[PDB]
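Just the one chain here, the form deposited in one PDB entry, laid out as structure tokens.
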């Protein structure tokens, strides 16, 4: 019943920062008398209970066996680059292609996210990102995990993309 969200993107673009900001404003306690202490934390976004995972590619995760499993399990993907990191934007296509290959699907719920939009150093223009998202047929939004600009909108939009996909 839960929606399975996966955050992907290059090291250091802000995947964890965004996900922490999302959890901070969306966690709730849920009464469940079948578990120890009778209460569990859940994340609820736009009325849906959501599971959250970050696909990390660096540090300990460089040696991981789990990359394809994250892509098979996830139902929708936040594809994150940073607006001050041209290489992170160039990396997006590979992430999208891998997800499509692993899921063997042309239609995978996805949102393109340009994070760190609070920073004054910009090397990825809004138009470059919007043209890429239009080619993919997916939404594009700029976010800042520092100021919270766009964070809720990015996750809410992904939940709606997954809801339309589930039909």
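Positions refer to the first chain, counted from 1.
Mean CA B-factor, 79-87 versus 92-100: the higher value falls on 92-100. The mean Cα B-factor in the deposited entry runs higher for 147-155 than for the other of 147-155 and 6-14.
The PDB entry gives the largest Cα B-factor of the residues 69, 135, 115, 38 to 38. Per the deposited record, the Cα B-factor of residue 55 falls in the middle third when ranked against the other modelled residues of its chain. Residue 45 sits in the highest third of its chain by CA B factor, as recorded in the PDB entry. In the deposited entry, the Cα temperature factor of residue 28 places it in the highest third of its chain's modelled residues.
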